[PDB]
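The data below hold one chain only, encoded as C-alpha cells and taken in the form deposited in one PDB entry.
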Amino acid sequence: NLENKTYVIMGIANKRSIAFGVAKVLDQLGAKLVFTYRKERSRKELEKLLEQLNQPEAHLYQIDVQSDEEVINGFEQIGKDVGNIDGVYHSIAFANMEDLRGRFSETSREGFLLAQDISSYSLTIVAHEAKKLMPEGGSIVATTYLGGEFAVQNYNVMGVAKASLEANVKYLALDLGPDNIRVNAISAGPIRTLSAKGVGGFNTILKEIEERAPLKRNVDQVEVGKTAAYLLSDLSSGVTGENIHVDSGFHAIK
C-alpha cells in the first residue's frame, strides 16, 4: 500500500508505454504520481491518458534528458510543487533506427554516443537530481532488456547502451547506498509499444518467448509495474544493485 508515497515516472508516451503499466499499478496502490514527458507537442495526449487514473491532480513536466538544465530545473520544480519524493521510475531510451538495423560494426560514433547519452547517462543525472528530494532515502528503478547481457540480433547499439545502464545501476547502488537510496533495474521481456517498432524482427522475438520461455507466454506492462511496485516499496527494502527479469523466465533458459 503506497498511500502517502510520491513517485516520479519518466517515459509515458501513450497507453502502451511500459511506464503507463507502472503508473496504473502504483495509482491503484494509492501513490501520488508525478509524470515527465519529452516534447511539448505530446503533452495534450498525455493529459487525456491520465484521466484514466485516480490522481486528483495532474503534475506534468517537460524534461528531455539530453539537457542537464532540463533535468535540474524539472526536478527542482517537482520539489517545489509536491515536496519530497519516495522514488523514480526511469523508462527512457533512444538510438537512431538506422543504427539498429544491419551491422553493429558499422555504427557511427555519433549514434553510439547518443544511445549512451539518453539510455544510460540520463539515469545518472536523474539520480543526482532526484536524491535532493529524498533526504530520508528512497528507491530508483530503470528498465533494461536482455540485450544488455547477451548479443541479441538487431539490437546492436542499444544492447551496448543497456549493458552500460545495467552497470550504471550497480555503481549508483553503491554510491547512493549509504544515503538509503536503492537503485535497481527491471529487465522486461518483449512488449508491444511505440518504441518496439524500432526493433527489427520484433514479431520473431515475441513468437520465440511464447515458444521457449518457461511460462510459454509473453508478459505485459502491468506485470512490469507490479515488480516496479515491489522494487519501489519497502517490500524490497534489502535489495539494491539488482536486475529482476520480468520475462516469463526467458533469461534462465538457452
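Residue numbers run from 1 along the displayed sequence. What we label the rigid core is the largest C-alpha set whose atoms superpose within 1.5 Å from one form to the other.
There is another form of the same protein, the form deposited in another entry; it is not shown, and what comes next is about it.
Superposition of the core reveals a Cα shift of 2 Å or more for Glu211 between the shown form and the other one. Distance between the C-alpha atoms of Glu211 and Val25: shorter by at least 3 Å in that other deposited form than in the displayed form. In that other deposited form, the Cα positions of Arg16 and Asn218 lie at least 3 Å nearer to each other than in the form displayed.
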